[PDB]
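Remarks on the structure that follows.
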Amino acid sequence: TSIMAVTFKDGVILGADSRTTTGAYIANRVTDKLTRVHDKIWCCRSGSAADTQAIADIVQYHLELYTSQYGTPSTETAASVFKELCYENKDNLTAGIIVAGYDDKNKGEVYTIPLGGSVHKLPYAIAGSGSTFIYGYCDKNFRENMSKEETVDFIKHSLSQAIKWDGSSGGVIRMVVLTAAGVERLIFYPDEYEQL
Amino acid sequence: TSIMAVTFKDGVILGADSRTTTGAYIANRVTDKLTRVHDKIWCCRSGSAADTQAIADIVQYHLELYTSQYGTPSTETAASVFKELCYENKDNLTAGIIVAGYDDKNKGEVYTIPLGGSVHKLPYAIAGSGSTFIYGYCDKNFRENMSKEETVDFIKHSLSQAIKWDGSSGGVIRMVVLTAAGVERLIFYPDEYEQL
Amino acid sequence: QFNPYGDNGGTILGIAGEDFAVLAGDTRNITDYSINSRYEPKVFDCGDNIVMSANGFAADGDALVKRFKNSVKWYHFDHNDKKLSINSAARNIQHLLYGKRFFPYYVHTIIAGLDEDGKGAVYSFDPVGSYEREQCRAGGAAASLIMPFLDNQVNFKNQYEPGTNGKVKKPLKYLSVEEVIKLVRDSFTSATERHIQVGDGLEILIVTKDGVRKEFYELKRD
Amino acid sequence: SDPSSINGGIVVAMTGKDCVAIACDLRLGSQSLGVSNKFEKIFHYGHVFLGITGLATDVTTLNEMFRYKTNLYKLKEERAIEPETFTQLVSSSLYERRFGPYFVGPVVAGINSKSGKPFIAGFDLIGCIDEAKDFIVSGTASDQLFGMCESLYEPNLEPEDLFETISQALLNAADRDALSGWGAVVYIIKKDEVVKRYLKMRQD
Amino acid sequence: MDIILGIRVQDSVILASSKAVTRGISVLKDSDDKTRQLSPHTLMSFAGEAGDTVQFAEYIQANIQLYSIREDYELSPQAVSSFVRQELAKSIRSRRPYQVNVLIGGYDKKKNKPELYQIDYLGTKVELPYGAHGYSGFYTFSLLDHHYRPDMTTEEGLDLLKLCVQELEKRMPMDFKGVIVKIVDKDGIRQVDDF
Amino acid sequence: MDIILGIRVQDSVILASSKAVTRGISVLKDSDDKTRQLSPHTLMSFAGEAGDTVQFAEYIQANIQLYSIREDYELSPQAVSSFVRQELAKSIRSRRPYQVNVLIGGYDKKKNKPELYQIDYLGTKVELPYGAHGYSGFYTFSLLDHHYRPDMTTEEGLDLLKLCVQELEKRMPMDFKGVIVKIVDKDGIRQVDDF
Amino acid sequence: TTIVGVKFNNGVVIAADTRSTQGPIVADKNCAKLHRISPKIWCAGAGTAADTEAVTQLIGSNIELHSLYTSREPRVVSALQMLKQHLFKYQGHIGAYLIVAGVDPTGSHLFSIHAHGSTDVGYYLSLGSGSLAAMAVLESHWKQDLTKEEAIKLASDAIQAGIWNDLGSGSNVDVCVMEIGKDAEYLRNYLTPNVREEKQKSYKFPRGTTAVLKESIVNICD
Amino acid sequence: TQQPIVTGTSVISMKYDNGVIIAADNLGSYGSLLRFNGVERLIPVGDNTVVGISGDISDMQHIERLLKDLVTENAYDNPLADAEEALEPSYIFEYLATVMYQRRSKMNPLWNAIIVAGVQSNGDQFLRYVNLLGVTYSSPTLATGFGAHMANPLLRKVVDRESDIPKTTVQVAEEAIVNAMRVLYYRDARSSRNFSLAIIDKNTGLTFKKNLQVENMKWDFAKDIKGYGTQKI
Amino acid sequence: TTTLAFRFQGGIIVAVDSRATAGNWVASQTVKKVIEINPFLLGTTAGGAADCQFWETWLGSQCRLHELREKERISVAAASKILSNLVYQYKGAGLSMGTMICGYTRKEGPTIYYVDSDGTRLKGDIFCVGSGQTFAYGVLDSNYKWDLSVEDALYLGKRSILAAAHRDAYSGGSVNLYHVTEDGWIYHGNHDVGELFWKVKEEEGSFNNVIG
Ligand SMILES: *[C@@](C)(CO)[C@](*)(O)[C@H](Cc1ccccc1)NC(=O)[C@H](Cc1ccc(OC)cc1)NC(=O)[C@H](C)NC(=O)CN1CCOCC1
Ligand SMILES: *[C@@](C)(CO)[C@](*)(O)[C@H](Cc1ccccc1)NC(=O)[C@H](Cc1ccc(OC)cc1)NC(=O)[C@H](C)NC(=O)CN1CCOCC1
Ligand SMILES: *[C@@](C)(CO)[C@](*)(O)[C@H](Cc1ccccc1)NC(=O)[C@H](Cc1ccc(OC)cc1)NC(=O)[C@H](C)NC(=O)CN1CCOCC1
Ligand SMILES: *[C@@](C)(CO)[C@](*)(O)[C@H](Cc1ccccc1)NC(=O)[C@H](Cc1ccc(OC)cc1)NC(=O)[C@H](C)NC(=O)CN1CCOCC1
Ligand SMILES: [Mg+2]
Ligand SMILES: [Mg+2]
């Protein structure tokens, strides 16, 4: 995997490739790695598909039960539940998860959770095997309070390079926009992004 | 290490960091990884210091003996001698070498030699542990027939990011310019490049 | 893979006299080739005129001393403030150590004090609880350097009476507190010279019927 | 299967006022089994004395090798080899087997016949020279010997007093080691006389 | 191979050597002679790795016999033992070392003295009043420490040897099918048939 | 532990069991009885891991004796063997399995027939005319294939057993210090003192 | 070990401690780690003790023969080239970690060599177990345009940092100054800050204490 | 049984006449990758203690929560929670020390090295170390990781023994710490330029300094270095 | 270690060495390897020191509880089996114990039981246990008769330990003697090998391998 989440003026955008691998064979070339744990709290999944999937399901269950009792949870709360699972089961898990969500008070927020189970709140985050190739690019090109169009371009160009160099990344570039307006799904095909 | 070589309008430029490590300890923070095998044929050394050093010495010896008999060798010839050593002793060597040189006929040329002992002629090349973090940046920002000032900026910005992310890279940024004019050595200190 | 043990170095030494007993130990603490502390005491007054040291892995050492100190406390609560005799303390420590027979405390333990006849006493333990009363014992990293010196100077081993054709042995006798401290200081300066994990400082705890006195001496800091 | 601690044994050397002393135990065993109580570990070539601890086959081999080399030396040089020179010869010979070494801990001792100066030296198995003013130790009870020597030794001891010091250093160190003991021999060396004494020590 | 003993007395050297040759769960032979005559007044018993033992013993035998012919003179027990030790001392640092332990019992005709040498596969030589290789020593050495006297006769030495064999037959786990005994003295080498 | 044999003849079952108990290079005992009487007409010999053997044998003995008291009735050799097999069949999939092999020799008073069962530590039971555990079988089975007849007397069975012991003493590497022989028939269990 | 090298105005200085270790035991309390390759080219050695001695002697011998052959004073780069090509051939198995320094007709020089055969250049360098303790001092106090006296002070201070803080280093400080135009001065035991204190007692035994079985005069003459 | 993933490097500290100083860089390394740059590894407990932590960051954050929770628990049914019965450095240390040893004893350690720096209620300077093995020790200067090898030597030149503590001012002590941090930046491959520093004085109290940078660096001599031996150019 | 005990006409002799080892390091020369369980029971220690010391002391407590509960001294057989059943529960965990339970009772007479840490329990007349058991066996077996006197039997036991103390590198220090009769155990002193060896060598004329 190549995955990332980026905060901007109106909220936050999540981005991911669509490649799942079992060795050098691509088991699924149209994977949806962007998964909903709540209305406007989503996550990007990297590492073991089975582990990240089992975790995301448990988190979705916890947040649904939270909402039933205490109303809409914060993005911080969601990240804390992810952390709790990843940290307490660090010995048996291979999961690298980015949590992104939109509050009306807190606007856009991004929390990244690496293997250890540690939590890190950031303006933007990158993760997965293909992220190594874009630390240089993303650092030079990220600005705070970007527009929606600027942020989409930033993610599209970033993941395009990550895909280009990483063999474990490819297919389509899926994105998910989280703003006050609502939730918007975007897709970008090879013919477009490859020739950027 | 982080190292690279880039061809441009007037010739070719080699670039490198200055960090040598024995584990997490920095054995030398002012290393000169750019080494002369001939007047206007230089190389960048990554991998085992002892191996790359022993190899570069043997190559320098071979090219000195070549010059005594057949006059100035081509940059291709120099790369072929590097290849021959690296390939035939692949089992006992850990060396990743970039060969760069200036002919008057062929202008600037860059050959890269990874672990295997294979040869690859390229417009520009990057190598060493810290290069992984700038594949995205360098691909987006490289143009052919750049000026001297543009190429120096490209290398300076590239190695700055490579250094920023790679723990095995750091110190000063040494560069070596190879043109018809002659040979020029450049240096760039942390206080300058860190805040780019 | 995680390794739960470590070696904090140093060395300790116990000598018994007629009406007294000493327990000495250097103040240096180390890991690998680094000095952690030049003054970190590991010889402790545990009450009831019992001094104790558990040299080796300091985490296990501190844990044990902490448990024995606590054992002394509960002995008073459960048995009407009765004084814990040195022989009883020894047997109690055996059970503490053997309690972790299959995941041991990595320490050589030495306690000192007076027996119930008022005479000086030194007991010494292996890591899993084996113990024996002696006049003399050195423990820890430099035990191998110091112990044979003690055999020669405290128990007069290999020493015969001059002119008796190696037939009559040198008679055993108790040593004065002044003579014992001389042997302790020489033992530690000698050990400091030839063992890298020993040095910095020497702290001696002397035990008489009057109580527990302390003495400190500088050691080479290299 | 640790070559340095199969057979067992110890050697110790000391300096005094115009004299040197070198001493060794007599044990040769095969791990726990004590086999021989007559196995001496000190040899001499002219006035230079060499003690060797470690793997007994190599102890024997090196003695035979150094006898060989000192004999040819004497024939060509027309004089007896000196301790300083012999020390260099040992170091050369040991390092010659750098990557297949003799598993030994040799110790040179003797008085230079020209200058009269007492001389002692030790080596590791690979040839590294250890020169010393005071004393040298070697063997399976080297730790014990270091502790005994460092405490008992003083400078400028007379031959009769130096004998007592070195003997007590060896005996009490040997009794704390399972693979050392079973008898002992001490050489007291003056400028032009050498006395050899067999010590009575505990036989366990 | 397994049990080889040696006892030096006043006027002779006595070597005892087990007769069993086992391999796996089968005793293939119970009358095996684990010795070779190197010269008229020198006998060598051996034990160790299968094949290596006999191959080494005969190789030494051939060399000593070659010397005897060349010089028309018998090498001393001390000289033979030193030759054997050097061969093993070479062997141990070879590509494939001889894993053989030997006892050399000989009568020195110049000194009129019996001599017993014990050499292991490393090349570790020692002269002894009594010797043994393998697990045998763990019983016989302490036994001989007690019962051995230096001024014993050959008859007294054989009784002393009977005492060793009885102890081994009682406490050793493996059946070694008794021993072949040989005496080395001024008159040469002879075998005791009834033991 | 090592050698345990069993022979079923016309009117009885004969069990032979070695007397040696060895550990390391020392035979600690040469008069050991490797058997337990489970009931008046049932005998079990055993061999295997040290400690496990006796602990298992006595544990079975205790259970069978408990049954005999409760029901005032002796369990058949077939019933006892099935009980023993099940205990071992449980054992093998335990945290620490009993490493014990047994032979159960018994006389069935209802059928008036001798019976010999062989059970290994896995719980593998078989009824046999003759049986053996460990390396013993590699010699005795082929020997008995030749010399065994089903209609033999007890005296003929003892001679047949002497033939086995002689072969083992000749070809086995280890000294097992002879055997204790016991006969199981209509009149119960008795020991042959002179073997 | 701890070893250093420091460049200054008109030359170069190297220094070293004097401790040798087998395991945790101090084998030699005053060994010489400063090695003469040629009169004005000296070498500080860390690692396998015999390797640093043997390799430095071999190259020193060949350098002498080369100097006689060429009728020229030997150069530091020659020793450097010969050492590194030798060490590289043995793929690190000769465990010598060297600081090579000296003056020659080209000028003053300072290099380091690792066991696998890699070489570095520098104004200040340090190798061995206490190189981190030393390098800390060098990084804190080194400057451009050092004088001779300043360079010796910096070099010996860096060695002291090793002596006190590193367990693999101790005893004394050896120094060797190599100035341009002058003879190299080898300062053996330049500092001796680890002198053993007076023992508390004399252990001189009464004559006849040791039991003897046999005596005999040994013949050393022909 | 663990292996550390996201890690923090050296924590250095020392005593001075009126209190203690402690410092640690703001980096969260992921092996050789210098992943996270905004990581605070000094965590104050009350107004009289600072806990510096190195090693696994996930475990550091767990310890953060434990300390945060300790302050809450101490306030419960405690009218003197901000006075006589406030949390002392020695109480905070012994708690962590207990946890660390209990975890190593269950073969599931918190993969950290910890230094608790603070001032006691009677004015005494407190400084003590504890790590994943439960090993504890105290000294005038304390440091973790590379700090132990490089910082301590420098800090011990200022305060070599106990008697040197009254003779050391806060100005001198802070200068030595800031210098040590620079040396670590030169020589530690998993260190950053940005760091945090904390001073706990018995008079002026807790001063927490953020966003500090290593400055006055010597790099100019690099330009004169060429090759690795022979090479005039 | 080296420990032995044998039955004979006049009761039971029990003899042990006194050395403790930590590899080739001699940890002690003055260790007590005979546990006095009661006036009629003895227990010898060999193997892991703490294991032996701890569990034989524990055995003594179980024997005391037996005679309190049953109003009768425990049998040698029962006492040995308590210990053997205990170590059997720990089988595989790594206990190292080589013990001999020796004593007299009315119903049994003089009795010796060998018990070790893999669960072996054996009644017998002669046993030698420890690293130097083979050396003791050599001297004991070759000199043993049932009709030995109390004086000769005591010496043979002492001499057998001495033999092993000499040859076995992991045995020595001093010999501790005991004699068990119908009236109970009798201590026959501590004998330092330092002096005992030369005394025996001179008087007996043995140990001719050593330089006299
Ligand atoms: C890229 C490919 C690599 O990091 C992504 O992280 C991607 C994440 C993803 C994939 C699908 C849906 C959501 C998120 N990871 C994978 O595709 C993953 C590769 C991987 C497997 C196991 C890992 O840790 C042990 C780490 C990375 N692929 C899978 O999980 C596939 C479906 N299954 C296997 O490869 C089976 N493995 C399971 C673990 O044991 C070995 C066999
Ligand atoms: C960066 C640091 C990592 O790739 C560079 O490649 C750098 C290249 C360099 C350094 C100095 C001069 C010219 C070029 N490499 C190193 O600094 C190198 C790290 C390294 C060592 C060994 C390798 O393969 C086995 C690969 C990378 N450092 C060294 O060579 C140092 C001086 N020596 C050691 O680390 C000793 N090693 C040697 C190999 O065996 C283990 C011990
Ligand atoms: C400091 C003291 C290391 O602690 C130095 O590096 C020192 C260098 C030195 C010493 C004397 C003279 C010149 C230079 N090194 C040693 O003292 C060295 C430490 C060491 C031991 C073993 C090593 O690799 C296995 C590496 C370093 N000690 C020795 O060489 C001693 C004298 N010899 C041995 O320990 C025997 N070695 C020989 C090498 O092979 C393994 C056994
Ligand atoms: C002879 C001397 C050979 O050891 C005896 O068996 C002797 C018997 C003995 C009995 C009571 C009191 C002291 C000595 N045994 C030892 O001295 C014994 C030898 C031994 C050590 C370790 C073993 O591993 C299980 C087995 C035997 N020595 C010790 O027990 C020493 C003093 N202690 C340790 O080694 C501590 N170890 C023991 C195992 O657990 C880890 C710590
Ligand atoms: Mg960097
Ligand atoms: Mg012994």
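Labels used: A, B, ... for chains in the order of the structure tokens, numbers from 1 for residues in each chain, and numbers from 1 for ligands as shown.
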
Find the residues in chain H near chain G: any atom within 6 Å counts, using only C-alpha atoms. Write them as a list in words.
->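 Filtering chain H at 6 Å from chain G with only C-alpha atoms gives residues 149, 150, 153 and 228 of chain H.
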
Residues within 9 Å of ligand 4 (only C-alpha atoms and all ligand atoms), as a PyMOL selection string?
-> (chain C and resi 101-106+125-132) or (chain I and resi 1-3+17-23+26-28+31-34+44-53+94-98+129-132+169-172)

Those residues with N, CA and C atoms, as a short mmCIF file (atom, residue, chain, number, x, y, z; two decimals), in the first residue's frame please?
```
data_model
loop_
_atom_site.label_atom_id
_atom_site.label_comp_id
_atom_site.auth_asym_id
_atom_site.auth_seq_id
_atom_site.Cartn_x
_atom_site.Cartn_y
_atom_site.Cartn_z
N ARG C 101 13.08 -20.40 41.81
CA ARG C 101 14.04 -21.39 41.32
C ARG C 101 14.06 -21.49 39.79
N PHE C 102 12.90 -21.38 39.16
CA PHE C 102 12.80 -21.54 37.71
C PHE C 102 12.71 -20.22 36.93
N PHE C 103 13.00 -19.11 37.62
CA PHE C 103 13.21 -17.81 36.98
C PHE C 103 13.99 -16.94 37.97
N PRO C 104 15.26 -17.32 38.23
CA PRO C 104 16.01 -16.87 39.41
C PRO C 104 16.27 -15.37 39.54
N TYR C 105 16.63 -14.98 40.76
CA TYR C 105 17.26 -13.69 41.01
C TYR C 105 18.74 -13.86 40.67
N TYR C 106 19.24 -13.13 39.68
CA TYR C 106 20.66 -13.22 39.29
C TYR C 106 21.54 -12.42 40.24
N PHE C 125 24.92 -16.77 49.98
CA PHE C 125 23.94 -17.51 49.18
C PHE C 125 24.33 -17.58 47.72
N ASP C 126 23.90 -18.65 47.05
CA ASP C 126 23.93 -18.70 45.59
C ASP C 126 22.63 -18.06 45.07
N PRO C 127 22.47 -17.92 43.75
CA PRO C 127 21.28 -17.25 43.19
C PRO C 127 19.93 -17.92 43.48
N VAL C 128 19.93 -19.23 43.74
CA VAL C 128 18.66 -19.96 43.94
C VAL C 128 18.41 -20.41 45.39
N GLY C 129 19.26 -19.99 46.33
CA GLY C 129 18.96 -20.17 47.76
C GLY C 129 19.91 -21.00 48.61
N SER C 130 20.92 -21.61 47.99
CA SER C 130 21.89 -22.41 48.73
C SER C 130 22.67 -21.49 49.67
N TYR C 131 22.81 -21.89 50.93
CA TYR C 131 23.52 -21.04 51.90
C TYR C 131 24.39 -21.81 52.89
N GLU C 132 25.35 -21.08 53.45
CA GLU C 132 26.37 -21.65 54.31
C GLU C 132 26.97 -20.54 55.17
N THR I 1 30.47 -32.98 43.50
CA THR I 1 30.32 -34.03 44.55
C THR I 1 30.79 -35.47 44.35
N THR I 2 30.94 -36.10 45.52
CA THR I 2 31.10 -37.54 45.71
C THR I 2 30.49 -37.88 47.07
N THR I 3 29.48 -38.74 47.07
CA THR I 3 28.87 -39.23 48.31
C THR I 3 28.73 -40.74 48.22
N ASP I 17 31.99 -35.73 50.62
CA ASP I 17 32.98 -34.65 50.50
C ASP I 17 32.32 -33.34 50.92
N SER I 18 33.01 -32.21 50.72
CA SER I 18 32.49 -30.92 51.18
C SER I 18 32.69 -29.77 50.18
N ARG I 19 32.92 -30.10 48.91
CA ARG I 19 33.19 -29.07 47.91
C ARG I 19 31.91 -28.62 47.21
N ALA I 20 31.83 -27.32 46.92
CA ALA I 20 30.78 -26.76 46.08
C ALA I 20 31.44 -26.11 44.86
N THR I 21 30.81 -26.23 43.70
CA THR I 21 31.37 -25.70 42.45
C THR I 21 30.40 -24.79 41.71
N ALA I 22 30.96 -23.79 41.04
CA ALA I 22 30.23 -22.99 40.06
C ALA I 22 31.07 -23.01 38.78
N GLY I 23 30.94 -24.11 38.03
CA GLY I 23 31.82 -24.38 36.90
C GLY I 23 33.16 -24.83 37.43
N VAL I 26 35.83 -22.89 42.36
CA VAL I 26 35.56 -23.56 43.62
C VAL I 26 34.79 -22.59 44.51
N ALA I 27 33.50 -22.85 44.69
CA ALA I 27 32.63 -21.95 45.43
C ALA I 27 32.82 -22.11 46.93
N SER I 28 33.03 -23.34 47.39
CA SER I 28 33.21 -23.62 48.81
C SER I 28 33.99 -24.90 49.04
N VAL I 31 31.31 -27.18 52.87
CA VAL I 31 29.86 -27.38 52.76
C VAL I 31 29.41 -28.69 53.42
N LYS I 32 28.29 -28.62 54.14
CA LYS I 32 27.68 -29.80 54.77
C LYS I 32 26.75 -30.49 53.79
N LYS I 33 27.10 -31.72 53.40
CA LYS I 33 26.30 -32.49 52.44
C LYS I 33 25.55 -33.66 53.08
N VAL I 34 25.47 -33.67 54.40
CA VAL I 34 24.65 -34.66 55.11
C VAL I 34 23.63 -33.93 55.96
N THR I 44 21.88 -37.67 52.22
CA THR I 44 23.07 -37.14 51.54
C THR I 44 22.66 -36.27 50.36
N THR I 45 23.43 -35.22 50.09
CA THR I 45 23.13 -34.31 48.98
C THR I 45 24.18 -34.43 47.87
N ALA I 46 23.70 -34.48 46.63
CA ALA I 46 24.56 -34.36 45.46
C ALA I 46 23.74 -33.79 44.32
N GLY I 47 24.37 -32.97 43.47
CA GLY I 47 23.68 -32.27 42.40
C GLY I 47 23.54 -30.78 42.70
N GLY I 48 22.47 -30.18 42.20
CA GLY I 48 22.18 -28.77 42.46
C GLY I 48 22.09 -28.51 43.95
N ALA I 49 22.80 -27.49 44.41
CA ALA I 49 22.99 -27.28 45.85
C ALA I 49 21.72 -26.80 46.53
N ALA I 50 21.11 -25.75 45.99
CA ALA I 50 19.86 -25.23 46.53
C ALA I 50 18.76 -26.28 46.48
N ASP I 51 18.65 -26.98 45.34
CA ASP I 51 17.67 -28.05 45.17
C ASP I 51 17.75 -29.08 46.29
N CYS I 52 18.96 -29.59 46.51
CA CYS I 52 19.20 -30.57 47.57
C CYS I 52 18.91 -30.00 48.95
N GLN I 53 19.50 -28.84 49.22
CA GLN I 53 19.41 -28.19 50.52
C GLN I 53 17.95 -27.89 50.86
N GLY I 94 13.73 -29.25 35.51
CA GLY I 94 15.18 -29.04 35.57
C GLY I 94 15.84 -29.20 36.93
N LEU I 95 15.16 -29.84 37.89
CA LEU I 95 15.78 -30.12 39.19
C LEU I 95 16.96 -31.08 39.02
N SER I 96 18.01 -30.86 39.81
CA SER I 96 19.20 -31.72 39.79
C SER I 96 19.52 -32.19 41.20
N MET I 97 19.17 -33.45 41.48
CA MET I 97 19.33 -34.02 42.81
C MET I 97 19.76 -35.48 42.73
N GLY I 98 20.83 -35.80 43.46
CA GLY I 98 21.28 -37.17 43.64
C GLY I 98 21.39 -37.42 45.12
N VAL I 129 27.18 -41.71 44.81
CA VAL I 129 26.47 -40.70 44.02
C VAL I 129 27.30 -39.43 43.91
N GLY I 130 27.26 -38.81 42.73
CA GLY I 130 27.97 -37.55 42.48
C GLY I 130 28.92 -37.64 41.30
N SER I 131 29.53 -36.50 40.97
CA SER I 131 30.49 -36.40 39.87
C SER I 131 31.67 -37.37 40.01
N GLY I 132 32.08 -37.63 41.25
CA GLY I 132 33.18 -38.56 41.52
C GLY I 132 32.74 -39.90 42.10
N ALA I 169 38.07 -33.53 39.87
CA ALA I 169 38.32 -32.10 40.01
C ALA I 169 37.17 -31.38 40.71
N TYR I 170 35.97 -31.94 40.61
CA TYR I 170 34.77 -31.36 41.23
C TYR I 170 34.38 -32.07 42.53
N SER I 171 35.38 -32.57 43.26
CA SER I 171 35.19 -33.11 44.60
C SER I 171 36.41 -32.79 45.45
N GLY I 172 36.21 -32.66 46.76
CA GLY I 172 37.30 -32.38 47.69
C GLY I 172 36.90 -31.61 48.93
#
```

Collect all residues with atoms no farther than 12 Å from ligand 6, counting only C-alpha atoms and all ligand atoms, and output them as a PyMOL selection string.
-> (chain D and resi 27+29+31-35+37+174-182+202-204) or (chain E and resi 142) or (chain I and resi 1-2+17-21+24+26+29+131-132+135+161-174+193-194+197)

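The spacing separating CA of residue 147 (chain A) from CA of residue 16 (chain A) amounts to 19.3 Å.
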
Could you check how far CA of residue 52 (chain G) sits from CA of residue 172 (chain G), in Å to one decimal?
->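 Those two atoms sit 19.0 Å apart.
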
Write out as JSON lines the residues of chain H that have any atom within 10 Å of an atom of chain B, one row each with the nearest atom pair and its distance in Å to one decimal, counting only C-alpha atoms, sorted by chain and then rising number.
```
{"residue": "H:29", "atom": "CA", "partner": "B:167", "partner_atom": "CA", "distance": 8.6}
{"residue": "H:30", "atom": "CA", "partner": "B:167", "partner_atom": "CA", "distance": 9.8}
{"residue": "H:31", "atom": "CA", "partner": "B:167", "partner_atom": "CA", "distance": 8.5}
{"residue": "H:32", "atom": "CA", "partner": "B:167", "partner_atom": "CA", "distance": 5.1}
{"residue": "H:33", "atom": "CA", "partner": "B:166", "partner_atom": "CA", "distance": 5.3}
{"residue": "H:34", "atom": "CA", "partner": "B:165", "partner_atom": "CA", "distance": 5.1}
{"residue": "H:35", "atom": "CA", "partner": "B:165", "partner_atom": "CA", "distance": 7.1}
{"residue": "H:36", "atom": "CA", "partner": "B:165", "partner_atom": "CA", "distance": 9.6}
{"residue": "H:146", "atom": "CA", "partner": "B:25", "partner_atom": "CA", "distance": 8.3}
{"residue": "H:184", "atom": "CA", "partner": "B:25", "partner_atom": "CA", "distance": 9.7}
{"residue": "H:185", "atom": "CA", "partner": "B:26", "partner_atom": "CA", "distance": 9.8}
{"residue": "H:186", "atom": "CA", "partner": "B:29", "partner_atom": "CA", "distance": 7.1}
{"residue": "H:187", "atom": "CA", "partner": "B:26", "partner_atom": "CA", "distance": 4.9}
{"residue": "H:188", "atom": "CA", "partner": "B:25", "partner_atom": "CA", "distance": 5.5}
{"residue": "H:189", "atom": "CA", "partner": "B:24", "partner_atom": "CA", "distance": 5.1}
{"residue": "H:190", "atom": "CA", "partner": "B:167", "partner_atom": "CA", "distance": 5.6}
{"residue": "H:191", "atom": "CA", "partner": "B:167", "partner_atom": "CA", "distance": 8.0}
{"residue": "H:192", "atom": "CA", "partner": "B:164", "partner_atom": "CA", "distance": 9.4}
{"residue": "H:215", "atom": "CA", "partner": "B:191", "partner_atom": "CA", "distance": 9.0}
{"residue": "H:216", "atom": "CA", "partner": "B:191", "partner_atom": "CA", "distance": 9.9}
{"residue": "H:217", "atom": "CA", "partner": "B:191", "partner_atom": "CA", "distance": 8.9}
{"residue": "H:218", "atom": "CA", "partner": "B:189", "partner_atom": "CA", "distance": 9.7}
{"residue": "H:219", "atom": "CA", "partner": "B:189", "partner_atom": "CA", "distance": 6.7}
{"residue": "H:220", "atom": "CA", "partner": "B:189", "partner_atom": "CA", "distance": 7.7}
{"residue": "H:221", "atom": "CA", "partner": "B:30", "partner_atom": "CA", "distance": 8.5}
{"residue": "H:222", "atom": "CA", "partner": "B:30", "partner_atom": "CA", "distance": 5.5}
{"residue": "H:223", "atom": "CA", "partner": "B:187", "partner_atom": "CA", "distance": 6.3}
{"residue": "H:224", "atom": "CA", "partner": "B:30", "partner_atom": "CA", "distance": 9.8}
{"residue": "H:225", "atom": "CA", "partner": "B:32", "partner_atom": "CA", "distance": 7.0}
{"residue": "H:226", "atom": "CA", "partner": "B:32", "partner_atom": "CA", "distance": 5.9}
{"residue": "H:227", "atom": "CA", "partner": "B:32", "partner_atom": "CA", "distance": 5.3}
{"residue": "H:228", "atom": "CA", "partner": "B:32", "partner_atom": "CA", "distance": 6.9}
{"residue": "H:230", "atom": "CA", "partner": "B:57", "partner_atom": "CA", "distance": 9.7}
{"residue": "H:231", "atom": "CA", "partner": "B:36", "partner_atom": "CA", "distance": 7.4}
{"residue": "H:232", "atom": "CA", "partner": "B:36", "partner_atom": "CA", "distance": 9.6}
{"residue": "H:233", "atom": "CA", "partner": "B:36", "partner_atom": "CA", "distance": 7.8}
```
